[PDB]
Amino acid sequence: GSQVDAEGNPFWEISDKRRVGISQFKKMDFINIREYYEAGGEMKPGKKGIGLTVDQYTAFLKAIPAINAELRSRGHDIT
Amino acid sequence: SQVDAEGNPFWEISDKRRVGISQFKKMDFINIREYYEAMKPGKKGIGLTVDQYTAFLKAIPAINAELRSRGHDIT
Amino acid sequence: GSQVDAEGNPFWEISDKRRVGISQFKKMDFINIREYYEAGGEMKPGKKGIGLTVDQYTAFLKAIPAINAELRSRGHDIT
Amino acid sequence: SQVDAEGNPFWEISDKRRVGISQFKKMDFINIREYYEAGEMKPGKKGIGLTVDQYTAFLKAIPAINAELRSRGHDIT
Amino acid sequence: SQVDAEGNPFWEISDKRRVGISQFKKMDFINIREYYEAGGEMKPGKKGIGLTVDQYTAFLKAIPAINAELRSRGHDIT
Amino acid sequence: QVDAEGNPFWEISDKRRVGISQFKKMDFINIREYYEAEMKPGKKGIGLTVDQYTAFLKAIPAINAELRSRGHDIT
DNA sequence: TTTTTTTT
DNA sequence: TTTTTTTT
DNA sequence: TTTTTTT
């Protein structure tokens with residue numbers, strides 16, 4: 001479910017140490033997919049990851065049906 | 001719908017950026033990564049497991065919702 | 001018996017590819033039963049497995065006598 | 001000690017986690033697995049299936065792991 | 001005299017049993033093992049034994065005795 | 001050397017024997033690990049049928065060849 | 001300069 | 001949305 | 001004290 005950090009930036013966990021988040025930066029929005037490390041009971045973002053510009057994420061959303069199909073063909077249950 | 005040098009399929013999301021599926025040791029990963037010209041993979045990027053990629057997928061409608069409310073159009 | 005992984009964590013082999021290990025996360029102890037894969041030297045933990053809270057583990061331990069009894073009535077020897 | 005739909009026995013280790021024995025390809029398995037609800041209770045992705053040899057190797061390690069857990073402050077009978 | 005998927009030599013002795021040489025932790029092992037089919041590719045199974053080079057050589061020393069006893073029980077050995 | 005059953009055996013290590021036995025009318029050539037109490041046979045090990053053992057014997061020169069070229073010393 | 005741990 | 005398998 | 005988001 002949709003959580004929020006200190007800055008009020010929304011994130012969703014996709015692992016125990018991996019998130020997707022929306023942050024703002026130099027007037028633009030960025031969708032980040034990144035590993036988090038633990039630092040003093042809190043979670044900071046780490047070097048392993050990628051920040052998507054809004055358009056790069058929408059190009060991504062369009063390749064999803066093709067990705068989904070190929071996965072199934074390899075025996076995965078994609079709902 | 002392209003196919004790379006290894007034989008894995010990809011989809012360009014930028015001049016330098018790709019989404020792909022690769023198999024490393026019988027195991028499947030969904031990679032989102034920057035590429036530089038040799039076209040080799042670089043520092044920025046992430047290798048998602050299937051479980052991780054499906055968790056992502058379930059979060060997508062809400063992400064789009066929050067993206068929308070910040071003024072972006074997603075279909 | 002108690003071998004130590006790269007990061008100081010105790011593990012016990014139960015197979016050439018499966019292990020039980022103790023490790024910390026969010027400052028709490030987790031008992032992991034997980035299969036490992038080889039990679040450029042060391043065995044690293046894999047995606048196939050389950051990680052137990054300590055109470056989950058002690059609940060398992062409470063179930064062991066009855067499990068042993070049921071395996072024996074299927075002709076397995078259990079020391 | 002309870003019985004599932006497949007008639008197998010299980011012991012609950014938490015609200016959505018189970019340990020149980022099953023037969024499959026005339027072999028016995030120790031299963032430690034997450035379950036989810038569906039009109040009723042189905043096994044999930046997270047989990048492992050132990051061959052009895054693997055399970056007996058486990059049993060052998062228990063006193064050692066138990067000692068470790070006590071040295072970290074856990075109460076383990 | 002054929003080579004497996006990993007790249008090691010082996011010899012069949014049954015329908016599902018191989019003798020093979022593999023390297024592990026810098027030492028050579030001679031495995032006498034049962035294999036199963038899986039992904040159309042025979043993989044090593046639970047049943048078998050891995051010999052260190054010293055155990056295999058000790059084993060070769062015991063062969064003429066083994067052969068003798070088998071012959072007296074009526075088996076032919078070349 | 002003879003074990004408790006009456007079978008002959010040959011030590012190939014401090015805990016490992018080669019022995020011949022006779023179960024259910026056939027002859028087995030056993031390569032097995034044994035353990036203390038009065039030694040008794042362990043799970044780890046393999047019992048060959050005479051045929052498999054003869055197939056084994058044919059390989060031996062080829063195996064010795066392989067090991068020798070890995071610098072091992074075999075008479 | 002790619003690619004597999006950790007609950008409620 | 002299950003269920004395995006070398007190497008002293 | 002001990003590396004580490006954002007084209």
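We did not get these values from a lab; they are worked out from the coordinates using the rules stated. As a convention, Cβ positions derive from the backbone with ideal geometry for all residues, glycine included, and neighbour counts pool all protein chains shown.
Residues that are over 19 Å from residue B:45 (Cβ atoms) and surrounded by 10 or more Cβ atoms within 10 Å (Cβ to Cβ) were ranked within the range A:29-41; the one that is nearest to DNA strand G (Cβ to nearest atom) is A:38. Close Cβ contacts (under 6 Å, 6 or more residues apart or on different chains) running from residues in the range E:46-62 that are more than 7 Å from chain F (Cβ to nearest Cβ) to residues that are buried (at least 17 other Cβ atoms within 10 Å of the Cβ) and among the aliphatic types (A, V, I, L, M) comprise E:51/E:30; E:56/E:30. Flag: residue D:19 does not match the condition of being of a type outside the set (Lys, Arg), within 14 Å of DNA strand H (Cβ to nearest atom) and exposed (fewer than 14 other Cβ atoms within 10 Å of the Cβ). Of the residues D:14, D:22, the single one that is within 23 Å of residue C:47 (Cα to Cα) and away from DNA strand G (no atom under 16 Å from the Cβ) is D:22. In the range D:31-52, the qualifying residues are those that are of a type in the set (A, V, I, L, M) and under 21 Å from residue C:35 (Cα atoms), and the one that is farthest from the chain's Cα centre (by Cα) is D:52. Quick test of your reading of the structure: residue B:75 fulfils all but one of (1) within 16 Å of residue A:57 (Cα to Cα); (2) among the polar types (S, T, N, Q); (3) within 17 Å of the chain's Cα centre (by Cα); (4) more than 16 Å from DNA strand I (Cβ to nearest atom). Name the failing condition by number. The one condition residue B:75 does not meet is (3).
Listed by position, the strands (runs of 3 or more DSSP E) enclosed by chain F that each have at least 2 residues that are among the polar types (S, T, N, Q), at negative phi and out of contact with any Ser or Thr (no Cβ under 9 Å at 6 or more places or on another chain) are F:16-23. Determine if the range B:19-30 includes at least one residue that is within 16 Å of DNA strand I (Cβ to nearest atom) and under 13 Å from the mean Cα position of the chain (by Cα). Within the range B:19-30, one or more residues are within 16 Å of DNA strand I (Cβ to nearest atom) and under 13 Å from the mean Cα position of the chain (by Cα).
Of everything in the range D:27-72 that is among the basic types (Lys, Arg) and more than 10 Å from DNA strand H (Cβ to nearest atom), the residue that is nearest to residue D:7 (Cα to Cα) is D:60. For the range D:1-16, how many residues meet the condition of being within 7 Å of another protein chain (Cβ to nearest Cβ) and either closer than 24 Å to residue D:53 by Cα or among the charged types (D, E, K, R) (or both)? The qualifying residues number 4.
In the condition set (1) loosely packed, with under 10 Cβ neighbours inside 10 Å; (2) within 16 Å of DNA strand H (Cβ to nearest atom), residue B:1 is compliant with all but (2). State the number of residues belonging to the range B:17-41 that are of a type outside the set (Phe, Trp, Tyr) and more than 10 Å from every other protein chain (Cβ to nearest Cβ). Of the residues in that region, 6 qualify.
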